[PDB]
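What follows are structure tokens for two forms of the same protein chain, given separately as structure 1 and structure 2.
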Structure 1
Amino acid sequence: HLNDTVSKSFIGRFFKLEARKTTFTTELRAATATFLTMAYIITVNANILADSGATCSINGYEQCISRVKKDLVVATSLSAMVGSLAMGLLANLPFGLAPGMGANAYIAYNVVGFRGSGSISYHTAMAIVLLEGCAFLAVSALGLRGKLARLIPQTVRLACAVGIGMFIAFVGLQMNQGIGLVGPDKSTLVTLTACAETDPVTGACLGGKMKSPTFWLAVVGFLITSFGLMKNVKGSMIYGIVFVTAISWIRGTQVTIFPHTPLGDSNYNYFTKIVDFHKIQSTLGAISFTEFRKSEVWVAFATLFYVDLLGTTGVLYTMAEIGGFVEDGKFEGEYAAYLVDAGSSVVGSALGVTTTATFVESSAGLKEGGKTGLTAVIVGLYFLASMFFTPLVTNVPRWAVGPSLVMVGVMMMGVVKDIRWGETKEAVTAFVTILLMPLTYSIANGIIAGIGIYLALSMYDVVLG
């Protein structure tokens, strides 16, 4: 009677749990799939921005890097919570707003450079995000984005979704933040280099070729997750992570995360206590409009605004289409939905995380039938759990989210059977968009190429039109 008694309450009527009707047993932990799929962003986003180090400039690792990483974990777990809560409370829609994976490794590497090796610094790197979010507020306010959502052709919009999954899968295979399969080469570009004797500057090999102990633990974790997904276990994407993490927490093995180096007995010294708060102390703020006065920064606002407006608008509409909300070119709550995914970004600058991009992971939740609200709210409430448990989050080895990163791409492939492969006008664009995202290691190079090809081989109908 939990559902029988909750209908006659303001939860039932505010969320409209009588029309488009679903059940709490189909909502409470049948929407945990979204959180268990988006959980990687707590550590993956905090690692990409850590090596950039937008704090404790040249004016090291044991003092500033660790503190910055711990500050960024909380900021990432809070900025996604705020965005998810906003989408759930108003404009009832089951989405998973969180800082995306398309601008993290564009700001941290191309803009600010590795470990501060760049011409643009933090005070003109977060200011760019804040200003572009303010621009998004205005653009969405008058309703331009609402009409612009339908202008993008369907196959480009779907190929972007497939390519994002492929890129997320590819980022989980490198040595930086993955298992460590792919590695560099001279004659070719990428080869299989799961080597035990690695050089701590690149993915090169000194002795190896598939005899590295760490690889044959992420493989086991990936197999457990895959075997648990069949038979329909309620939650398994965390089942394959805890098993690897618990083994890696054992001291003395060759796959440990707690070495005898002086850095190791500080992570281990922190991990001995389970619960800590660790309020943000060195990342909040850090907004300084001072170096805006040259053209170097300005060009890297133009190259970002019109790819972010075009690569994040088409994901919200796609996840609206998959859930079957839009029926006549419109879906309810569109005005508030397109403004929440600008208000979330502004709030983000202040804390120090990058843009929010309406995570394309709500497919997992929608597969189990999340139609009403009370789905983003549950995700947000779950996100107020990986900020009370920072010692158990910042201490997960990087060879534990790889199995959970490849499975994102595996899941985000069932939509490739909707693209029109019969035609030749409508298939070249989709293939180019799918292919250019992983091999160029940037999502910004996939939307632009697809738009440029689709716009080109139609101009004969435009000039004559």
Structure 2
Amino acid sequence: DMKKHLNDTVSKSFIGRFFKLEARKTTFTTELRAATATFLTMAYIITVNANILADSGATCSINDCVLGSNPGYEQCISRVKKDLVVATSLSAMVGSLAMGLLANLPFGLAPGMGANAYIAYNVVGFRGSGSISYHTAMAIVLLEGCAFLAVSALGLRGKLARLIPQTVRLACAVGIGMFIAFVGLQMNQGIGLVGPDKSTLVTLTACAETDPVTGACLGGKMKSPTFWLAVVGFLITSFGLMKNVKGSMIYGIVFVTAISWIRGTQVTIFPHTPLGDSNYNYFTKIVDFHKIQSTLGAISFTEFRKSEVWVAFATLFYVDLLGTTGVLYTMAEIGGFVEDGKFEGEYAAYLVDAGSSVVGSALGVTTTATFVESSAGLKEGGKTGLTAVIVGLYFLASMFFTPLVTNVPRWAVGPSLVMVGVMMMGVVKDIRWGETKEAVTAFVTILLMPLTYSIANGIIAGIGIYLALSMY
């Protein structure tokens, strides 16, 4: 019986009374279990979001040498990838802690997919491409976060995110899902299923004897030793949604990485090059305390005088308004929160999702949103902020394992990137495909995002068609 003794020494204490444990009937153990489930569902991103931003033009320029395979640049990119893990863990612990404390909402915060890909692979490019360097991207994040905080402070978001047509938002979500799936197939961040061609633009080039320098290959199709390991990892992950295990994405990532940690095999991650020797020597120790040394703060408000920047600002505004106008209300009816027209926390909910982006802009991360993959805790129990606090505590006591998170091979996150798109595509059945007016714009927005390799292009081409087709 002493189990229930833990629910009277806590509920009647200050901690229980502060969160109103007696109201919205629940127990401390149930809230802890819900927090554990929603952490296991979400924990993947700490190693997924680290590998996307790392290969996105690190802070060191040619002065510390880009794409020429020089060990000097490789050491810097290793250090930067080491720092972004801690940065993402900190940005997930904060925000989640505020949402737990400022409001009584059992949610979680972390830099989600979709804004990280946008600023990572379109404006900063792949290791020095694009138009704007790394500092200007974080300046843009700062400006967008401040603007969204101002907009949510005194009410316009409800009156601004409701006038957008109901089809463009869903089409944009599907297009972002397709693009995040597409980016996980090239031999730059993905597994290597898609390669270049001369006659056509795309061609199946799972390719064994590949060219290390450029990216082409010299014969051998669908016989890559690492591509098949990635495929079996994807199958292991996919056999985790059926039969409904708690967390399967991290299970597949862990299995693939653990198989890859063997030294000497053809799918290894620690080769005999001295880069591999240094990586292994760092990997010997498991627990390591790391302090940010490179991307602690780097903001430059000196290039806000040209174009190709404010377009990114508008696109980030549109994507972040798409993200939050949706998931927040959706994961309110699952629990016993929704009333006739109120959340009892909606106003305080929108404030944190914008406030904990200013703290992340000068930290190494992108804008954050409440995770949709957190209903695994709501569907069990817990009605107050005893899950957000525990999630923040977990993320805080998950950054000490940096050596086990900075050596994940890039072919272990390809399945995760593909599965994110599969999960996102599920909303495509709510679009009214009957009328031509919605079908044309939805199809254009969906198709133009992965083919042209741009999200802003898709949004700007979907808005124009919908505007022109209704010129009355």
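Along the sequence of structure 1, residues get numbers from 1 upward. So that the term is clear: the rigid core is the largest set of C-alpha atoms that superpose within 1.5 Å between two forms. Only residues modelled in both forms are compared.
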Identify which of 347, 339, 182, 86 has its C-alpha displaced by 2 Å or more between structures 1 and 2 once the rigid core is superposed. 182
Using C-alpha superposition, tell me how many degrees the smaller rigid part swings against the larger one between structures 1 and 2. 11
With the core fitted, just quote the Cα shift at residue 450 between structures 1 and 2, in angstrom to one decimal. 9.4
Shift in Å of the residue 264 Cα between structures 1 and 2 [rigid core superposition]: 1.8
Upon rigid core superposition, what is the positional shift of the Cα of residue 321 between structures 1 and 2, expressed in Å to one decimal? 2.4
Superposing on the core, what residue ranges of at least 3 consecutive positions move by 2 angstroms or more in Cα between structures 1 and 2? 60-62, 143-263, 395-460
